Amino acid sequence: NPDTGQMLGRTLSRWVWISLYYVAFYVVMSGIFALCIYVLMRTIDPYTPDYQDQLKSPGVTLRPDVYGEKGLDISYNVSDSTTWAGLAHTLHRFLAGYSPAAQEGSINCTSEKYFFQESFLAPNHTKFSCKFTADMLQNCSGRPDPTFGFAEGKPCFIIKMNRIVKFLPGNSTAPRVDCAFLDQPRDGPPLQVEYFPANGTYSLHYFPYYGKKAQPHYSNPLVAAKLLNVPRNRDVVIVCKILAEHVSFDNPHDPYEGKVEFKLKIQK
Amino acid sequence: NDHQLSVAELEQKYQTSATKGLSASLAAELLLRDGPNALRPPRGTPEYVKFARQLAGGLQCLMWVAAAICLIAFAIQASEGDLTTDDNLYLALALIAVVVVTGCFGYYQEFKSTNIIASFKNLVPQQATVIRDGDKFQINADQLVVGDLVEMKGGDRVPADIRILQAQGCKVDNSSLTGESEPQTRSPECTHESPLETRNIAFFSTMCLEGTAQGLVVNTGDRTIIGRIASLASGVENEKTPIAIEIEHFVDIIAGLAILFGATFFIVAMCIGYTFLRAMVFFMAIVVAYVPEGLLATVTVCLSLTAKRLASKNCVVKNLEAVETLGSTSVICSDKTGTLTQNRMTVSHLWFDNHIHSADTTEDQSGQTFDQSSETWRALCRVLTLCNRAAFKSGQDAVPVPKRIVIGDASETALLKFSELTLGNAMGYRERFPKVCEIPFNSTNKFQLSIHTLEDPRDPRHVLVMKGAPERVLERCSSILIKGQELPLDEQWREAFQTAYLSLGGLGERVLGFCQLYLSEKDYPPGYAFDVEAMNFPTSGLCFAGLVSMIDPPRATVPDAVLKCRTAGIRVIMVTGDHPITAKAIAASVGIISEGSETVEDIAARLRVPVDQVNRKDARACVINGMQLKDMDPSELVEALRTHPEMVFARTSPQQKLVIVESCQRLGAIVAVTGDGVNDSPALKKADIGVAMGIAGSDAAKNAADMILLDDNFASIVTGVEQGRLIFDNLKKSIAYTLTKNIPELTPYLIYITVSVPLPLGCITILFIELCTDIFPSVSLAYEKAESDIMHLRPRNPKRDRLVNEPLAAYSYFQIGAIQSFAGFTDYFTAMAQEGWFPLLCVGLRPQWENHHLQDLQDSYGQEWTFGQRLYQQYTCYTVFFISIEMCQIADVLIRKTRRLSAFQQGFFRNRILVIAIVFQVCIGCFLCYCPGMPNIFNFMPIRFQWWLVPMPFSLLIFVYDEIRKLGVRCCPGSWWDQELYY
Ligand SMILES: CCCCCCCC/C=C\CCCCCCCC(=O)OC[C@H](COP(=O)(O)OCC[N+](C)(C)C)OC(=O)CCCCCCC/C=C\CCCCCCCC
Ligand SMILES: CCCCCCCC/C=C\CCCCCCCC(=O)O[C@H](COC(=O)CCCCCCC/C=C/CCCCCCCC)COP(=O)(O)OCC[N+](C)(C)C
Ligand SMILES: CC(C)CCC[C@@H](C)[C@H]1CC[C@H]2[C@@H]3CC=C4C[C@@H](O)CC[C@]4(C)[C@H]3CC[C@]12C
Ligand SMILES: CNCc1ccc(OCc2ccccc2OCc2ccc(Cl)cc2)cc1
Ligand SMILES: *[C@@H]1O[C@H](CO)[C@@H](O)[C@H](O)[C@H]1NC(C)=O
Ligand SMILES: *[C@@H]1O[C@H](CO)[C@@H](O)[C@H](O)[C@H]1NC(C)=O
Ligand SMILES: *[C@@H]1O[C@H](CO)[C@@H](O)[C@H](O)[C@H]1NC(C)=O
Ligand SMILES: [Mg+2]
């Protein structure tokens, strides 16, 4: 069939002709596809997404994030500093983005009320974003304790809510973090937590989030939960939920929606 | 052989006697040495073996290999610690399930056809009349041994191959074993050297029509002629069908394309940094992806629909592949006796009033009659009705006369049926003329005479009717009846009689002479005692009435069926065991030999020159007898077949029929064989498709054939040819439709691997497309009408015109499939961008997107997503790609209705099955999208309405582009556009 004069049942000039036809066909179709993409991108709004069909409720993440085989799993030895050195380093690296230098692009906020911005009054046609600094975490900021309570067996966990454009958690009261044992230990008391900021609330002036084009300097507000009565040498499960009117945490297919659940063991 | 021996040479070879036969003890010893006198039963194959066969085939093997590759890839991925490998299991299970269910459906089809065919076969134990050491008794035929002396009479089956020793007017029916339509005389004398033409051999399983015979068993069981034919058919191998060959060629195309694409993207994946094992998994995935899933089911359903259409016309196929072969058939080798003809001697021509009249010979009396007004005709009818002794069986009034059963020989049966169909009430007319004298037929006289009394009480005259061989009648009969005048034979009527007799005999017809002589009252008064012992009544000086000739006529639909087959470009060849004169006459009657066609013998007779002087290329027709065929080599046979378009093989053995079929197949033709008798079974097995008559067919022929005509309607062959051509075209369209959607199923995976976008199309939704939403629309294309006069086209070239070829594959894969892929990706990027993911961010996003440890991945707006939310977005992408493919497949099914004609020409809605299939597809898509629980069951999402709209311009583009392509094909035939863009 690969005859010299007729190469796979078609002469050389015929191959040129059919190849040119296929090239023209694919060039035309590629141009149509590119024009469709261009029209789509010209109809897309740069500040607000068209739909939020998958973002009805925000996800909840935890720092430091260490993952086992079914989710978050944190284990360390109080007597062994190398077991929590990496955890403290992760917390330091996360809080590096919350220094005053990192937060120079944001402003003082004191309203305790939704920061509704309908105009672009910030530098370079932007919106003001409120300033959150690591020192708002107090005993869990890495100062004066650079171990975040891990050395003393009272670890700090940073709970961060996923930001959604124009999502409003609820203005009756500030959204609040609540951490408890998933299954209460039998002989032991319930989990004792200390929160930074006090009561574990996110101020309402960090909402709404307007996206990264309108607030390029936006920083998620943080809540640090310091655990105080974790039993030693025992496997415990801790769930930290967000308590707000418009935040749900009962999704059987998303365990990170509205809450974060981690496995914790503190050896001695 | 044993016939060519003598009774002295016999009676010693078989340790027997001519008068007393065999001793009982020695007969028992012979029955121990050789098996019982019965043909060996076919061992057959078990039902599970037939099911295993149904699980085989080219496409089935491709699917089995694809499933094995899926399992191997699953094992490799599991060894590499990879998860989410349920796609491999789903694909393998779907492939295996489709193969097994299709095999079950095909096995059920074969089981039903076998039951339907065997519902007409019935068994009854046989018996023989044996003489052992003097005593005569009725023994079972199976206990007969060689050398046993047997006696047979009329109505008795011949119980073995027998050399005739005594016989008195013995006639047998050899029409099944041989091709001879007329009853054959059996006498104790050798008249030929071959056992199949000598008169002193009777054949096992044939019927003794009349007379008595005595003879010695010379062959038993499988040693008989019929047993040897059964052995010959057993050694014939059944070849693969043309549709199977087409399917294998198309499977080869798919395999080559799959290997090419897999190797190319394996190289690409290695070049872009994948590991060798990951690239190998990519290779196997692509190779599996090229294998279609529901195409086997679609093909099986289309073949089943064609089989049902044929079965509605009493045409039953034993396997689904046989519904196509007649469409591709270029040569039909047809048996004559019992297949083209009715296997029933019928009155055809009459010579009275110096004119040759033609009688209606159709079994349904749908032909033209002859003039029945002459007093000469009235006298001839009276003679031929009064000179008959055959009688209809009682309780048979409602049965049609040609199919009725009468007690008598073939000639008297035909005359009685002719009387019942022309005069009406033959026996009621006979009883009106009381018989007062009768001389039965005898070979010393070669005539039959009977004297009656006229019905009219006024007339006391006696009528003397006489019938017999024309020369014997004309040696008497010094007067002839022409237009009611009793003129004598002044040598003019003698020469005219000789001319008419010779012409009727040359028409392959057996002729009879009829006359009458009224007896005057003064010399033969009422109460006269006629005496056969003394011949007091006059036996000469009679009045000749007319000549009646007889033939086994063609079936009613046969000539038009042959004409239509020849109009469809199919060569029709007659292969018969009957005599050349009858074969040529029937071939001219049915249209195998056309008007004006001549043989070399015909040209030699016309030009008054020796036959060898004639140029062989001037003779369109040719008759070759088996004796010449024996002394012919393949080169001479091929030369004769190429030289003479209209070929008749006469006096042909079953082995020679097989040889002719093999020669035609070796020349490159797809050959169909039509037959009914045992002598056709080896040729029926060798044929690409074998067609056997349901009623006239023997068990061997019906077992050898692939197609059974239940009502013996030969015109069903025309329907088979038309339906085969139609199913070929419609299968081409359906396969194009099925193959088109495979490219938009595979391109998202290629982009997912190379550009690392989040997965646009899931395995479950691909399976739903393959096995749920498109099977009904693909099947609905089997209901498309022909776009041209399909029965005026020539048979396709088997080597050039393939079911799936390069233009079809290229068009379906890389133009329509490419447009569908572009539509799917447009919808994918639209749905991603409207939910917050711009295309450039989508590029390279896959590792972070699938990272289970990332619960705050940022989109184009800075919003942070969990893995579950991203997975639901991925399901949305699945759904929009699925809906794009479905919308474009609507236009694909619309444009696949025709290959040359416009949709406006063919009719948008004339295929209501296709319309229903489109509605059904849309309904299933809506159900999958919007039923509650779908996102977590099958990962279908309730997409927004505007994502239904996005692929619609692409579907419209598909329709418009295909319409323009077909317009260019129709407007510029033979151009480069027609050569390249038409399929
Ligand atoms: C055998 C032949 C195969 C041929 C396949 C197609 C070849 C060409 C395809 C892709 C190459 C790029 C061509 C298209 C470019 C897009 C057209 C365009 O001008 O868009 C503009 C955007 C940039 O706009 P922006 O974001 O700044 O605006 C934001 C505006 N604000 C801020 C207001 C929201 O540019 C972009 O998106 C760039 C990203 C576009 C590409 C996305 C990834 C494509 C990858 C795979 C798809 C393959 C499909 C294959 C289907 C057929 C297979 C047979
Ligand atoms: C040929 C004959 C065809 C007859 C029609 C077939 C029956 C269709 C009738 C009803 C089925 C759909 C409506 C009931 C379910 C609503 C569920 C729902 O309401 O889910 C919403 C429907 O989304 C819509 O935008 C409305 C879509 C309405 C249906 C449009 C698609 C139907 C179009 C059919 C055209 C067929 C003819 C064209 C093709 C053939 C051409 C020849 C989805 O929720 P979402 O959009 O808010 O976002 C989701 C946010 N998340 C994720 C949080 C839930
Ligand atoms: C060059 C750009 C525009 C893309 C290529 C356009 C293609 C489709 C066009 C441009 C030149 C055209 C060819 C010109 C020459 C020939 C040879 C002739 O015997 C048949 C038509 C044929 C085969 C044409 C087919 C279509 C063709 C190949
Ligand atoms: C008509 N054929 C249908 C069809 C089309 C496109 C396909 O893409 C492959 C693919 C898509 C989506 C997810 C997973 C996929 O592959 C997984 C995989 C399969 C087999 C092997 Cl061996 C190894 C891996 C697959 C089947
Ligand atoms: C924001 O408020 C804090 C606390 O009052 C203050 O220390 C800081 O200076 C303010 N931001 C500026 C001006 O950098
Ligand atoms: C936090 O630190 C202060 C000292 O700055 C101390 O008084 C207080 O008890 C600490 N609380 C805890 C247990 O975090
Ligand atoms: C780690 O914890 C175990 C108890 O689970 C303890 O026995 C061991 O001493 C600890 N490691 C060190 C370095 O002390
Ligand atoms: Mg026959």
# chains A, B, ... in the order shown; residues from 1 in each chain; ligands from 1
>>> residues_near_ligand(ligand="ligand 7", cutoff="8 Å", atoms="only C-alpha atoms and all ligand atoms", output="ChimeraX atom specification")
/A:76-80,233,267-268
>>> interface_residues(of="chain A", to="chain B", cutoff="6 Å", atoms="only C-alpha atoms", output="list in words")
residues 49, 50, 51, 54, 59, 162, 163, 164, 211, 212 and 254 of chain A
>>> residues_around(residues="residue 117 of chain A", least_positions_apart="2", cutoff="10 Å", atoms="only C-alpha atoms", output="list in words")
residues 114, 115, 119, 120, 121, 127, 128, 129, 208, 209 and 210 of chain A
>>> atom_distance(atom1="atom 33 (C, counted along the ligand's line) of ligand 1", atom2="atom CA of residue 841 of chain B")
14.0 Å
>>> residues_near_ligand(ligand="ligand 5", cutoff="9 Å", atoms="only C-alpha atoms and all ligand atoms", output="JSON, numbers by chain")
{"A": [100, 103, 104, 106, 107, 108, 109, 110, 131, 132, 133]}
>>> write_last_selection(atoms="N, CA and C atoms", output="PDB file, in the first residue's frame")
ATOM      1  N   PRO A 100       2.385  43.700  60.528  1.00  0.00           N
ATOM      2  CA  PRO A 100       2.017  45.064  60.109  1.00  0.00           C
ATOM      3  C   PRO A 100       2.573  45.451  58.749  1.00  0.00           C
ATOM      4  N   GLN A 103       0.420  44.028  56.292  1.00  0.00           N
ATOM      5  CA  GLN A 103      -0.909  44.615  56.393  1.00  0.00           C
ATOM      6  C   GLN A 103      -0.912  46.121  56.153  1.00  0.00           C
ATOM      7  N   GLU A 104       0.191  46.682  55.644  1.00  0.00           N
ATOM      8  CA  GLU A 104       0.227  48.117  55.373  1.00  0.00           C
ATOM      9  C   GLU A 104      -0.816  48.554  54.352  1.00  0.00           C
ATOM     10  N   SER A 106      -3.861  47.828  54.200  1.00  0.00           N
ATOM     11  CA  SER A 106      -5.187  47.849  54.796  1.00  0.00           C
ATOM     12  C   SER A 106      -5.271  48.962  55.834  1.00  0.00           C
ATOM     13  N   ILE A 107      -6.484  49.205  56.326  1.00  0.00           N
ATOM     14  CA  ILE A 107      -6.769  50.366  57.158  1.00  0.00           C
ATOM     15  C   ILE A 107      -7.328  49.915  58.506  1.00  0.00           C
ATOM     16  N   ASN A 108      -7.290  50.837  59.468  1.00  0.00           N
ATOM     17  CA  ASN A 108      -7.963  50.679  60.753  1.00  0.00           C
ATOM     18  C   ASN A 108      -9.459  50.499  60.524  1.00  0.00           C
ATOM     19  N   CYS A 109     -10.063  49.548  61.232  1.00  0.00           N
ATOM     20  CA  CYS A 109     -11.507  49.371  61.231  1.00  0.00           C
ATOM     21  C   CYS A 109     -12.009  49.202  62.659  1.00  0.00           C
ATOM     22  N   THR A 110     -13.112  49.895  62.972  1.00  0.00           N
ATOM     23  CA  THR A 110     -13.630  49.880  64.337  1.00  0.00           C
ATOM     24  C   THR A 110     -15.152  49.774  64.407  1.00  0.00           C
ATOM     25  N   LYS A 131      -7.793  45.757  58.294  1.00  0.00           N
ATOM     26  CA  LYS A 131      -6.467  45.276  58.647  1.00  0.00           C
ATOM     27  C   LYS A 131      -6.566  44.286  59.800  1.00  0.00           C
ATOM     28  N   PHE A 132      -6.014  43.090  59.603  1.00  0.00           N
ATOM     29  CA  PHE A 132      -5.926  42.076  60.648  1.00  0.00           C
ATOM     30  C   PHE A 132      -4.459  41.745  60.875  1.00  0.00           C
ATOM     31  N   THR A 133      -3.992  41.941  62.101  1.00  0.00           N
ATOM     32  CA  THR A 133      -2.602  41.710  62.456  1.00  0.00           C
ATOM     33  C   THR A 133      -2.486  40.518  63.397  1.00  0.00           C
TER      34      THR A 133
END
>>> residues_near_ligand(ligand="ligand 6", cutoff="8 Å", atoms="only C-alpha atoms and all ligand atoms", output="list in words")
residues 138, 139, 140, 144, 194, 226 and 228 of chain A
>>> write_last_selection(atoms="C-alpha atoms", output="PDB file, in the first residue's frame")
ATOM      1  CA  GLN A 138      -2.423  37.648  71.746  1.00  0.00           C
ATOM      2  CA  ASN A 139      -1.237  34.430  73.415  1.00  0.00           C
ATOM      3  CA  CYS A 140      -1.328  32.640  70.035  1.00  0.00           C
ATOM      4  CA  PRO A 144       5.973  36.030  73.678  1.00  0.00           C
ATOM      5  CA  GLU A 194      -9.596  30.008  75.132  1.00  0.00           C
ATOM      6  CA  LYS A 226      -6.089  27.517  72.442  1.00  0.00           C
ATOM      7  CA  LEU A 228      -6.450  23.806  77.627  1.00  0.00           C
TER       8      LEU A 228
END
>>> closest_atom_pairs(of="chain B", to="ligand 4", cutoff="9 Å", atoms="only C-alpha atoms and all ligand atoms", output="CSV")
residue,atom,partner,partner_atom_place_in_ligand_line,distance
B:66,CA,ligand 4,22 (Cl),7.4
B:67,CA,ligand 4,22 (Cl),7.8
B:68,CA,ligand 4,22 (Cl),8.2
B:69,CA,ligand 4,22 (Cl),5.1
B:70,CA,ligand 4,22 (Cl),3.7
B:71,CA,ligand 4,22 (Cl),6.9
B:72,CA,ligand 4,22 (Cl),7.0
B:73,CA,ligand 4,22 (Cl),4.8
B:74,CA,ligand 4,23 (C),6.8
B:77,CA,ligand 4,23 (C),8.6
B:85,CA,ligand 4,17 (C),7.5
B:86,CA,ligand 4,17 (C),8.7
B:87,CA,ligand 4,17 (C),5.6
B:88,CA,ligand 4,19 (C),4.9
B:89,CA,ligand 4,20 (C),8.5
B:90,CA,ligand 4,19 (C),8.9
B:91,CA,ligand 4,19 (C),6.8
B:92,CA,ligand 4,20 (C),8.2
B:281,CA,ligand 4,23 (C),5.6
B:282,CA,ligand 4,23 (C),6.5
B:283,CA,ligand 4,22 (Cl),7.8
B:284,CA,ligand 4,22 (Cl),4.4
B:285,CA,ligand 4,21 (C),3.6
B:286,CA,ligand 4,9 (C),6.2
B:287,CA,ligand 4,22 (Cl),7.3
B:288,CA,ligand 4,20 (C),5.6
B:289,CA,ligand 4,26 (C),3.7
B:290,CA,ligand 4,2 (N),5.1
B:291,CA,ligand 4,1 (C),5.1
B:292,CA,ligand 4,1 (C),3.9
B:293,CA,ligand 4,1 (C),5.6
B:294,CA,ligand 4,1 (C),8.3
B:738,CA,ligand 4,1 (C),9.0
B:739,CA,ligand 4,1 (C),8.0
B:741,CA,ligand 4,1 (C),7.9
B:742,CA,ligand 4,1 (C),4.9
B:743,CA,ligand 4,5 (C),7.5
B:744,CA,ligand 4,5 (C),7.9
B:745,CA,ligand 4,5 (C),4.4
B:746,CA,ligand 4,6 (C),3.8
B:747,CA,ligand 4,6 (C),7.4
B:748,CA,ligand 4,11 (C),7.4
B:749,CA,ligand 4,11 (C),5.1
B:750,CA,ligand 4,8 (O),7.7
B:752,CA,ligand 4,12 (C),8.8
B:759,CA,ligand 4,12 (C),7.4
B:760,CA,ligand 4,12 (C),8.2
B:761,CA,ligand 4,12 (C),5.8
B:762,CA,ligand 4,12 (C),4.6
B:763,CA,ligand 4,12 (C),4.5
B:764,CA,ligand 4,12 (C),8.2
B:765,CA,ligand 4,12 (C),8.8
B:766,CA,ligand 4,3 (C),6.0
B:767,CA,ligand 4,3 (C),6.9
B:769,CA,ligand 4,3 (C),8.8
B:770,CA,ligand 4,1 (C),6.8
>>> residues_near_ligand(ligand="ligand 3", cutoff="12 Å", atoms="only C-alpha atoms and all ligand atoms", output="ChimeraX atom specification")
/A:11-28 /B:972,974-981
>>> residues_near_ligand(ligand="ligand 8", cutoff="10 Å", atoms="only C-alpha atoms and all ligand atoms", output="PyMOL selection string")
chain B and resi 174-181+334-343+575-578+674-680+692-693+696-698+701
>>> residues_near_ligand(ligand="ligand 1", cutoff="6 Å", atoms="only C-alpha atoms and all ligand atoms", output="ChimeraX atom specification")
/A:26,30,34-35,37-38,41-42,44-46 /B:747,751,818,821-822,825,839-840,843
>>> residues_near_ligand(ligand="ligand 2", cutoff="7 Å", atoms="only C-alpha atoms and all ligand atoms", output="list in words")
residues 53 and 54 of chain A; 887, 890, 919, 922, 923, 926, 930, 942, 943, 944, 945 and 948 of chain B
>>> residues_around(residues="residue 363 of chain B", least_positions_apart="6", cutoff="8 Å", atoms="only C-alpha atoms", output="ChimeraX atom specification")
/B:342,402-403,555-556
>>> closest_residue(among="B:489, B:565, B:5, B:779", to="residue 304 of chain B", atoms="only C-alpha atoms")
B:779
>>> atom_distance(atom1="atom CA of residue 329 of chain B", atom2="atom CA of residue 592 of chain B")
16.6 Å
>>> select_by_dssp(residues="segment 121-249 of chain A", states="helix (DSSP H, G or I)", output="PyMOL selection string")
chain A and resi 134-140+198-200+204-206
>>> write_last_selection(atoms="C-alpha atoms", output="PDB file, in the first residue's frame")
ATOM      1  CA  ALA A 134      -1.063  38.733  64.223  1.00  0.00           C
ATOM      2  CA  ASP A 135      -0.993  40.647  67.524  1.00  0.00           C
ATOM      3  CA  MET A 136      -4.796  40.352  67.608  1.00  0.00           C
ATOM      4  CA  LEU A 137      -4.161  36.682  68.472  1.00  0.00           C
ATOM      5  CA  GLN A 138      -2.423  37.648  71.746  1.00  0.00           C
ATOM      6  CA  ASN A 139      -1.237  34.430  73.415  1.00  0.00           C
ATOM      7  CA  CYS A 140      -1.328  32.640  70.035  1.00  0.00           C
ATOM      8  CA  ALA A 198     -12.189  37.103  72.860  1.00  0.00           C
ATOM      9  CA  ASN A 199     -15.187  34.764  72.383  1.00  0.00           C
ATOM     10  CA  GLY A 200     -13.695  33.610  69.060  1.00  0.00           C
ATOM     11  CA  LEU A 204     -18.460  42.077  60.910  1.00  0.00           C
ATOM     12  CA  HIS A 205     -16.365  44.748  59.165  1.00  0.00           C
ATOM     13  CA  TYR A 206     -14.305  42.094  57.380  1.00  0.00           C
TER      14      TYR A 206
END
